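Trainee: Quick one: this structure, given as structure tokens, is what I'll be asking you about.
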Amino acid sequence: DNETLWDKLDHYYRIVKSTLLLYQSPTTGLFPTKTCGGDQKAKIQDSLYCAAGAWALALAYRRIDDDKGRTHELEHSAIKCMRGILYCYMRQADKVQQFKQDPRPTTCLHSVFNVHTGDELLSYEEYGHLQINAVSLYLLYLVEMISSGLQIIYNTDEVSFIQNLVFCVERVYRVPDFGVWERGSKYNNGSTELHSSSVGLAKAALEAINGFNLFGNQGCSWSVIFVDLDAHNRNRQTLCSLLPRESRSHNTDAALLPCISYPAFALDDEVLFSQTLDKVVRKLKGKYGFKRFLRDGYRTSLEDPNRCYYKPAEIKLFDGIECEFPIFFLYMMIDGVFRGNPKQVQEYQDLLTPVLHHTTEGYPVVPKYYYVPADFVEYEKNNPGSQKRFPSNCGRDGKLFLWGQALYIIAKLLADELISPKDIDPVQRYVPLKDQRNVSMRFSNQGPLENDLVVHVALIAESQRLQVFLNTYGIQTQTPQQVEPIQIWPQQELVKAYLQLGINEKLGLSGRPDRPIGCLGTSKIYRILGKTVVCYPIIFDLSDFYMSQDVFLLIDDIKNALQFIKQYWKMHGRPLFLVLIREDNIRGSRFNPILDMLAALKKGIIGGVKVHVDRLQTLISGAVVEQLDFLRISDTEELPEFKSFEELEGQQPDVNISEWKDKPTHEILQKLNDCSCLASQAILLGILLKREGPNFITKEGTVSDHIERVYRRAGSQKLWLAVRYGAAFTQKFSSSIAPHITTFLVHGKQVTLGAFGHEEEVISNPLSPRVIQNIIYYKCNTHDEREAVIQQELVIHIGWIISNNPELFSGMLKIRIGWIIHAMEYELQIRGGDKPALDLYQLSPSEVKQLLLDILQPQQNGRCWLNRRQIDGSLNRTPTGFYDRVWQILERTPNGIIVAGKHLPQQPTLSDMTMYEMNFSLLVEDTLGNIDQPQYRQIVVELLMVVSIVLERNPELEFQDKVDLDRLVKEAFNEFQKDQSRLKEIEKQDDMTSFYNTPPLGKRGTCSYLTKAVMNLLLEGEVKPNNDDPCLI
Amino acid sequence: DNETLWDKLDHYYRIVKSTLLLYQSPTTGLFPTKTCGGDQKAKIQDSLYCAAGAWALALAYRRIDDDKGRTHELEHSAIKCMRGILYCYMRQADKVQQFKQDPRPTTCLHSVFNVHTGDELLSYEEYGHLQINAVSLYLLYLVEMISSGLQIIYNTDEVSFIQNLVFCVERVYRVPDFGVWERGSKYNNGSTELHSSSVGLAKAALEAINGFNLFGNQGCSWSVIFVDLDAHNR
Amino acid sequence: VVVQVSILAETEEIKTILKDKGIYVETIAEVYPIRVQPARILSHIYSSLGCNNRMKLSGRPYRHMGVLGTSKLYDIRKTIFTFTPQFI
Amino acid sequence: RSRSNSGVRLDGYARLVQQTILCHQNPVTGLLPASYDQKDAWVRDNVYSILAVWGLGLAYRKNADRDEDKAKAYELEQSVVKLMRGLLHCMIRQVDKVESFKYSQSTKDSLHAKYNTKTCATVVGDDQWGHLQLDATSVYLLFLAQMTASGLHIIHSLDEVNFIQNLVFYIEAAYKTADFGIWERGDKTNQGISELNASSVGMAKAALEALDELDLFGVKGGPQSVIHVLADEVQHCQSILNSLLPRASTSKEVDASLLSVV
Amino acid sequence: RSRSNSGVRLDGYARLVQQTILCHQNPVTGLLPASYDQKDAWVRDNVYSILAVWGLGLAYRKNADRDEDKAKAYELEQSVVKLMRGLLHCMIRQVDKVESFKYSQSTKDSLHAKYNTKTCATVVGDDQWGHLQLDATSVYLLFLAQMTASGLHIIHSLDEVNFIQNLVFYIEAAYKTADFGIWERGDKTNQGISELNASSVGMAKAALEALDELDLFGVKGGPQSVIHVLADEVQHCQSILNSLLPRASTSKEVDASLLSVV
Ligand SMILES: *C/C=C(\C)CC/C=C(\C)CCC=C(C)C
């Protein structure tokens, strides 16, 4: 090996010039998908890699002073594609504005373009253009090339579009997409899903592009890109939630490999990285490459090329015959070099060589995929990995896989140590176990295992009367006026300032959409127009919802926000969490709890979060303070001075709903004057807005603001009846609800919003705030408007629990809040006894929260097992692994399972699903959805458990006929009935109550009754002898 | 080993506060060579290494958020020592100039100073003060600490003085000195020899000092020190 | 501001005379673990403030502080300390 | 410490250019419209209209010792690069036209003088306008050479090198080819009669003398990026101007467009 | 893009401050001589004269969004810390003298108001000049507290923490001690009689109150760096302040130095 380094790079010089740089589009700089055939199609994602391949060789070409001009040819080969990629997106800047406001498949940036003009080729109907990775990979690569010194962004107008490109990528945590393989899922029905590979890339893209100057070394404060920390965090939360699964339909996908490595390295958790990794390695590795995913029908022998969609049952025909992609070996080879283990480079090089092809000139060719011939699909299905596969691309045919060709150049250079990993990844994305001090990248000063962040908390009082009153009890609250350099702003105020970020009228982009700023954003310190700004978190706002005025709720809203900042805030400086105390907090008995948290806040630890209590001037002196120059680069120094926080200088309802709603006469208006309750006029003025128009006038004025003034009055004086009708008949929404439903649904927890016994809407995939508004109020509930107000309460409370106590919502596939209200109200009937129970519409939100915690706790306490079965059954709490076990029950049962008029067959269920599959869980719930009586349902699941603990231990007994659990349930009850009749002869007939209070496990437990039932029915069939286990008799 | 890493760092904090930081001069920040005896002997290189140790402890403590002020305490103790060395040198800035124009063992900066006043204590005849390892190590530790965030150089006049120190250092290839051991050589004749240690330290200082903004991130073109390329090459 | 006063008795027998007068007071033992000391002990413990033996600083000289000093509530080695005013 | 008076007067100049020329630069492709009434972009007006942007960029780069001065110099220089690369897209989207005009010097195989300022496309057909203007492409090539010599990096690939050479052959026969000229009207009669106007030939000679032995990635280049110009056509151009001057064409005794040549 | 006009006026103030106050800033010590004739540096003249640099630096840091603005603000704040550390070194070179003043409230144990600007040393003896000016150290401590509260890290170690605390101890007894005052001449007669001056004790009250419960390490500090002030001494200062105002002392019907305390 005496060749000069000129020689080895010339070896790689050829390959790129002959196999990738020959086919680069001279006009748009793009890289066509099909090298031969005359196709104009160029994809966003693959074209990014092709430029990076020349970039990788370009960095290798930086090591020679005598490059004969090769370095600039390969450096600007990347720039030509990225600028052409950049050029394509503006061409669609109208779509970018639409996707920013309303994320949808029909408003997104496109993914395929004319290679020779850059014009749009396929419409939304023809092609699924929602591919977040392509936009995210662009932003991740764009900073990656700019950091190395390439100049792609040329003027401030491109800065605004890339800034707006961040605003689109900021919302990928909740917008589903078709993903890398433009299919969406394994079913290929055109239905969009959330993918970890797509979501992870945006997190990596936002991490690198945050604060990055698009102008490189030649840049100033007007060329930095600002990334919403909250939007990145919500995307970060989704990525760990979905993983190790790529999507709902995908248990594991080999497309996760770019997600956990080159280009993203988006996972900062090694363990997860390991668990994500093996499921890719174990389930998708093959001799000829990595299969895209299990049951992938892309370019398979059993797939009709004409149809653009796959039949729901066609999926099982793709099992064991998935095409193996050699490119994913090249991905692994880079992984070996980057993370320092050398074998992984060699073992995945030894697999790449046999599947590698060559041109006429000897230049190696990376095939796209290897497909098993239709002549051998049966043999391949029987024994996978034993039949030869034919390459999609072989060379000498005119077809080359440029994305694979690009990775080949990158991987070999790192393997040959012609590019060091630090050069090819300039904005560290792979950080070794030495994981400290990376902005937005989970590595704070403490590192990857310590999270004892000390959060800077400043106490701000609403009024001067308050701060003296708080001082008299030992709490030291500064006040707004006291701090002139420091101007305190509402979180909605930072939005207006942020509508000016990325504004360009020339391309017609409006900037950052009007959105609430989360805890992480409000945690920073800001400079707008030269005035120092500190924003108190949105959890102190009294407009979004009516749960914020309750001190006990505000007591925990501070607590979980403090926990949220402590664990997610991984920036350089310490966050600022301003606290704001209003008069309504102190007045009444509400002073007692707020003082204690203030006192514990003084101590230095709250909610397990270390805090630093001091004056706002002291707490801001040297921290890294966020710069708001875009409000000044447009010369808007005379922008209106943003409105800082300003210092301020008893019976049950005697009127029943049915009593006067049924009353026909319109005299009820006189009753409004006759009645004196605050909750009353919440209704009379509420029906007034419906009965005689929206903006009718009365004694005080237009009725529209009276309901609002009542709600303002009601919330402060804490008669929570009126504050619920007032908040219902005015149709208000909390902005925190919109991504609450997203958070539940990305955990696999299906959300439905409809009252018990009324129409319920299934939210399978997440929707936008506009859509959920009509579902909350208009279409779902019309019997009572106040149903939404209580409905809107828990979905914030559920969001609180799912974060603080994730385990508490385990076992339930779906959180039906409407049934939770029925569960919520029914337990009070048990709690109240022979007394008119407390109304759920009368309790304060903390009581609703504490009620929610009490009855959704684990071991329900002191409940006759009847009440446990009511709570658990109405709550749809299923045992851990219940869905797994019924699959096993469904596996060795010929005639499936019948539950109260539904039929769960063995086929096509077994062929179309997997034992861990998420889709199967819905079907069994659909099978059990008809159980009207909740304790019957819990009896059904234990019976379903009972056969499971029966069947798996007892592998010889199989069903012969259909399994109707109702017959299994009753026969257990009658044989139950005879024994207790033998004891005391209970005269109640057809009453399940004696069965429900019976404990599952005990002397004569419900399980013991149930297994006898399942023992007999199994015993009425053939006892199959095992080949594995010989029989002694 | 379930010891929390705070206890691990508190061990070395103890060691530093008891054995090293207990002796720092409040008036000059220098660390006396003799801990007991009443001797006012303060060596520039000795105090430089002491400040380096305190700075290393501060870098360690930087990883814990609830530091109880220890990161600042150690960082600014090191800064205090480094600034006391600077004060001692700008007290001799006339000798800085007269060494710049003509290096000589009777024209050099002193390598020892009064720990409690910062003034010169031993004259040229008494002690061999030409130790390039002192000023070169000063520049090296200065650039190391400013790069780590230790804000040491304060105004542009300190910038000019440090640059003139670079001017003195650039000449070391042709300046024979007494070395780190202030003896000159084996024979102990008070004779001046060219030392590999001193020229290497000066080369490292010139490499790091070159194009270095003494103001850290908080600086502009007028705080960057420029180093003669040829001089460093020689 | 309003000034809080904790009326205290040395022994149970002085507490009984006050109780006979309808006065509810605690002893030096009932106030425990809160520990009550005179102002001279305050002046002494405050002399350890700013002490540096190498810098030959030995803290504050013994100075009498008025009712302002004794009316603050002190925590010394995680123990609540109250010092009585010097006019007694 | 403070910005020099050159810097402040340059900031005034930058506000002038922003308000006048650069605020109509179409962000998508970097081209400029003619007016608000006529929305399309001429390649000649585009190449010339960024001369002020170029001068601002070089003037700022001379005193670019600070972050903001460096960034504004970068913005001006790369706005210039944006416009000339957008025009490169416009020209390369008619590569067949360049190839045809290389052999058959017809007016129907010519690069359009105007392009869609929004999509780098041809708004009008090959016959709805007089498109063959061999001084507009000439000024484009001449300024491309001048920018590459001053360090601006406009072209990025060897395909761009080959297209620039085929443009060289497009402008090579400008001395023997009749064109509508700088005023898009041919002769004085304004009847679609293309004529050999001296401005086109002179700008052709200027570009050809500019693009000789000029490495077109700049200092970071090699033999593959040398643009090769035969001096034979250059000297034929000079001879034709010598025969023409002070006349601009056979039909015009003098045209002021010769100020773009002298 | 360009610097704000406020920045223009602020560089104007920069030239003004540079040519008046900061041009005499002694390099080695950071102190400021009174004049070319009086080549010594007073504590109070230095502390009051560095205020301009503080104000200019804080003004720049308000608009510190560009690198050179950061540099100017840093220059001024670190010139402030330079002067104040030079003065701290001058005081701490005389620690035995503060120690003697602590228990002996004598005029012979008072820190010299003037020091050698070139070596942080003593120019004249303890009896050659009127040195007890409890309003020089008072304003020094007050502005030390205010710069620590404003982001300036002046003290650098716990030894300086105890020195500043023992200097509060030095000043806590200003109400019950006669000093030669702001004008270095004692009583009205100017005959070596020290008198209780209102400005001195008011400055002492300000230093005691402002520095009370303050972290000399700044925000990045701990319990070892908080310097504790008893409210009793500062309120005695306040009491004899009202009892003695509107006069300046027993022999002084009025002084314009009461402007420093009101
Ligand atoms: C050898 C296999 C045989 C004999 C199948 C019949 C056996 C049973 C029926 C008993 C199975 C029940 C239990 C193991 C609990």
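As you go down the protein sequences, you meet chains A, B, C, D and E in turn.
Numbered according to UniProt numbering, the first sequence spans residues 41 to 689, 709 to 1092.
Be aware that the second sequence starts at 41, since it is given in UniProt numbering, and climbs by one per residue.
Be aware that the third sequence starts at 438, since it is given in UniProt numbering, and climbs by one per residue.
Be aware that the fourth sequence starts at 2, since it is given in UniProt numbering, and climbs by one per residue.
Be aware that the fifth sequence starts at 2, since it is given in UniProt numbering, and climbs by one per residue.
For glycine and all other residues, C-beta sits at the position ideal for the given N, C-alpha and C.
#1: Just to confirm, does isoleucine 1008/A get its C-beta within under 8 Å of one of the non-hydrogen atoms of ligand 1?
#2: Look at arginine 567/A and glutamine 667/A and say whether their C-beta atoms are less than 9 Å apart.
#3: Any heavy atom of ligand 2 inside 8 Å of the beta-carbon of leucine 1078/A?
#4: With 9 Å as the limit, tell me which residues of the stretch 645–663 of chain A have their beta carbon closer than that to any beta carbon of chain B; keep them in chain order.
#5: What I want to know is whether the C-beta of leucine 297/A ends up closer than 8 Å to one or more non-hydrogen atoms of ligand 1.
#6: Are the stretch 640–657 of chain A and the stretch 129–137 of chain E touching by the rule of at least three beta carbon pairs closer than 8 Å?
#7: I'd like to know whether the C-beta of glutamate 100/E is nearer than 9 Å to at least one C-beta of chain C.
#8: Does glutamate 1034/A pass the burial test, meaning 16 or more other C-beta atoms within 10 Å, or should it be called exposed?
#9: Alpha carbons only, please: which of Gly877/A, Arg347/A, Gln832/A, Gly858/A is nearest the one belonging to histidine 817/A?
#10: Near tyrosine 350/A, what residues of its chain come up, given a Cβ to Cβ distance below 6 Å and the 5 sequence neighbours on each side ignored?
#11: Could you check the C-alpha separation between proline 303/A and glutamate 234/D for me, to the nearest Å?
#12: Can you check which of these residues, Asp581/A, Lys571/A, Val412/A, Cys280/A, is closest to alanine 65/E by C-alpha distance?
#13: Should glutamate 1015/A be listed as close to ligand 1, given that the test is whether its C-beta is under 8 Å from any heavy atom?
#14: Beta carbon of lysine 1071/A: closer than 8 Å to some heavy atom of ligand 1?
#15: By the 7 Å beta-carbon criterion, what residues does the stretch 91–122 of chain B contribute toward chain A?
#16: Consult DSSP for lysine 119/D and reduce its assignment to one of helix, strand or coil.
#17: Can you check whether the CB of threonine 73/A is closer than 9 Å to the CB of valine 155/A?
#18: If we ignore side chains and look at the alpha-carbon of each, how far apart do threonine 937/A and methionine 871/A end up?
#19: Along the chain, where does the alpha helix (DSSP H) containing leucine 744/A start, and where does it finish?
#20: For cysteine 76/B, count neighbouring Cβ atoms within 10 angstroms of its own Cβ and tell me buried if that reaches 16, exposed if not.
#21: Ordered along the chain, which non-local residues of its own chain (more than five positions away) have a Cβ less than 6 Å from that of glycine 380/A?
#22: Please report the straight-line C-alpha distance between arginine 622/A and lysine 606/A, rounded to a whole angstrom.
#23: For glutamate 751/A and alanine 271/A, I'd like the C-alpha separation in whole angstroms.
#24: When DSSP labels each residue in this structure, what does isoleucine 831/A get in the three-state scheme?
#25: Should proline 993/A be counted as a contact of ligand 1 given a C-beta to heavy atom distance under 8 Å?
#26: Count the other C-beta atoms from every protein chain shown that fall within 10 angstroms of the C-beta of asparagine 754/A, then say buried if there are 16 or more, exposed otherwise.
#27: Quick check on this structure: which residue in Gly203/D, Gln19/D, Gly31/D, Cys24/D has the alpha carbon closest to the alpha carbon of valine 81/D?
#28: Give a yes or no on whether the minimum CB-CB distance between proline 525/A and chain E is below 9 Å.
#29: Can a CB atom of chain A be found closer than 9 Å to the CB of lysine 221/E?
#30: State whether the stretch 235–247 of chain A contacts the stretch 532–542 of chain A, with contact taken as three or more CB pairs (one from each stretch) at a distance under 8 Å.
#31: Where does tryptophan 946/A fall in DSSP's three states?
Mentor: On the basis of the data shown:
#1: Taking the first sequence and counting its residues from 1, one reaches residue 1008/A at position 949. Outside the cutoff, so no.
#2: As a first step, residue 567/A must be located in the first sequence, where it is residue number 527. As a first step, residue 667/A must be located in the first sequence, where it is residue number 627. The Cβ atoms of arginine 567/A and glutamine 667/A sit closer than 9 Å to each other.
#3: Although ligand 2 was asked about, the structure shown includes only ligand 1 as ligands.
#4: Cβ contacts with chain B: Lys650, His652.
#5: Working through the first sequence from its first residue, we reach residue 297/A at position 257. For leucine 297/A, the shortest C-beta to heavy atom distance toward ligand 1 is 8 Å or greater.
#6: Flag = no, the stretch 640–657 of chain A and the stretch 129–137 of chain E do not touch.
#7: Counting from one through the fifth sequence, the residue named residue 100/E turns up at place 99. For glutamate 100/E, the answer is yes, since a Cβ of chain C falls inside 9 Å of its Cβ.
#8: In the first sequence, residue 1034/A corresponds to position 975, counting from 1. Answer is exposed; the Cβ neighbour count stays below 16.
#9: Reading the first sequence from its first residue, position 758 is the one you call residue 817/A. Here the closest residue by C-alpha is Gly877/A.
#10: For the purposes of this step, residue 350/A is identified with residue 310 of the first sequence, where counting begins at 1. Once the five neighbours on either side are set aside, the close Cβ partners of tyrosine 350/A are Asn228, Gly337.
#11: Here the question's residue 303/A lines up with position 263 in the first sequence. Here the question's residue 234/D lines up with position 233 in the fourth sequence. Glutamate 234/D has its alpha-carbon roughly 51 Å from the corresponding atom of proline 303/A.
#12: Position 64 of the fifth sequence, counting from 1, holds the residue named residue 65/E. Out of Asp581/A, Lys571/A, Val412/A, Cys280/A, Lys571/A has the C-alpha closest to the C-alpha of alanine 65/E.
#13: Residue mapping note: residue 1015/A aligns to position 956 of the first sequence, counting from 1. Yes.
#14: Translated into the one-based positions of the first sequence, residue 1071/A becomes position 1012. The answer is no for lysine 1071/A.
#15: Taking 7 Å as the Cβ-Cβ cut-off against chain A, the residues of the stretch 91–122 of chain B that qualify are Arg102, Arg103, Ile104, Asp105, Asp106.
#16: Working through the fourth sequence from its first residue, we reach residue 119/D at position 118. If DSSP states are grouped into helix, strand and coil, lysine 119/D belongs with coil.
#17: Your numbering for residue 155/A matches position 115 in the first sequence. Your numbering for residue 73/A matches position 33 in the first sequence. Contact: yes.
#18: Indexing the first sequence from 1 puts residue 937/A at position 878. Indexing the first sequence from 1 puts residue 871/A at position 812. Rounded to the nearest angstrom, the two C-alpha atoms are 6 Å apart.
#19: Numbered from 1 along the first sequence, position 685 holds the residue referred to as residue 744/A. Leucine 744/A -> alpha helix (DSSP H) spans 737–750.
#20: In the second sequence, counting from the first residue as 1, residue 76/B sits at position 36. With fewer than 16 other Cβ atoms from the protein chains shown falling within 10 Å of its own Cβ, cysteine 76/B counts as exposed.
#21: Walking along the first sequence from the start, residue 380/A turns up at place 340. Cβ within range, chain order: n/a, list empty.
#22: For the purposes of this step, residue 622/A is taken as residue 582 along the first sequence, with counting starting at 1. For the purposes of this step, residue 606/A is taken as residue 566 along the first sequence, with counting starting at 1. Rounded to whole angstroms, the gap between the alpha carbons of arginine 622/A and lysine 606/A is 25 Å.
#23: Stepping through the first sequence from its first residue, residue 751/A is reached at position 692. Stepping through the first sequence from its first residue, residue 271/A is reached at position 231. Answer to the nearest angstrom: the Cα atoms are 43 Å apart.
#24: Stepping through the first sequence from its first residue, residue 831/A is reached at position 772. If DSSP states are grouped into helix, strand and coil, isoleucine 831/A belongs with the helices.
#25: Numbered from 1 along the first sequence, position 934 holds the residue referred to as residue 993/A. Not so, every heavy atom of ligand 1 lies at least 8 Å from the Cβ.
#26: What you label residue 754/A is simply residue 695 of the first sequence in a count that begins at 1. Flag for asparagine 754/A reads exposed.
#27: Taking the first residue of the fourth sequence as position 1, residue 81/D is located at position 80. For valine 81/D, the closest alpha carbon among the candidates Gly203/D, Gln19/D, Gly31/D, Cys24/D is that of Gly31/D.
#28: Counting from 1 along the first sequence, the entry for residue 525/A is found at position 485. By this cut-off, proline 525/A is an interface position.
#29: Along the fifth sequence, one-based indexing puts residue 221/E at 220. Yes, contact with chain A.
#30: The stretch 235–247 of chain A is not in contact with the stretch 532–542 of chain A.
#31: As a working mapping, residue 946/A is identified with position 887 in the first sequence. In the structure shown, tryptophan 946/A sits in a helix (DSSP, three-state: H, G or I).
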